[PDB]
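All of the numbers you see were taken from the coordinates with simple rules; none came from a lab. We place every Cβ from the backbone using ideal geometry, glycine too, and count neighbours over all the protein chains shown.
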Amino acid sequence: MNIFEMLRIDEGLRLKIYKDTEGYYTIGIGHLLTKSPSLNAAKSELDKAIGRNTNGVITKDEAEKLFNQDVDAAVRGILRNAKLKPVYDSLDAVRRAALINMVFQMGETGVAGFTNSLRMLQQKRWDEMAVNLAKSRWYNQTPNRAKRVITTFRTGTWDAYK
Ligand SMILES: [Cl-]
Ligand SMILES: [Cl-]
């Protein structure tokens, strides 16, 4: 089990443009296209991302390429964030995977804002952190996934995913 296998479970793989739970245009492995309501704005973004005229449809390879770029960017955004870097640096390899997951899903900024949980994470207070992450719009909108991520932080193991 690794971050790729982990995010692939959580986001799935879709080869045709679609809406996410939030209503946004997305494709592949959780790759957001646009927060805009126009399927055209979305086809536009897709082709620019892919580098070709897709007509809203990509190959698996193509989807995997975006994903690779997205995970890479998540890791880099963590390592560059003043709030994030230090949390990450303090954690074990499983728990790091969990941080990357949230970052992938919600952006540096989003996570960078969970002030209290970040501190508990840092203080290695596993249980309270888990309670705190749960009082969030994030958990309420996508509780199964959130539970998985939260368990991963709590336990420090891949159980939720096995
Ligand atoms: Cl892109
Ligand atoms: Cl869910």
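Values computed for the structure shown
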| item | result |
| --- | --- |
| Farthest positive-ward along the chain dipole, Cα basis, beta-carbon charges - from 88, 146, 136 | 136 |
| Unit charges on C-beta of K, R, D, E only; dipole of region 1-48, Debye | 220 debye |
| Residue with peak Gaussian network fluctuation, the chain [Cα springs, cutoff 10 Å], from 148, 96, 125 | 125 |
| Flagged links, alpha-carbon separation over 21 Å, of 19/60; 19/43; 19/135; 48/83; 35/85 | 19/135; 48/83; 35/85 |
| Net charge of neighbours whose Cβ lies under 12 Å from the Cβ of residue 96, counting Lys and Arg as +1 and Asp and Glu as -1 | 0 |
| Additional length obtainable on full extension of the chain from residue 9 to residue 89, 0.36 nm per residue less Cα span | 26.3 nm |
| Distant alpha-carbon pairs in region 66-162 (separation over 20 angstrom), percent | 29 percent |
| Gyration tensor over alpha-carbon atoms, the chain, equivalent ellipsoid semi-axes in Å | 29, 15, 15 |
| Between helix 93-112 and the chain: long-axis angle, C-alpha atoms, 0 to 90°, nearest 10 | 60 degrees |
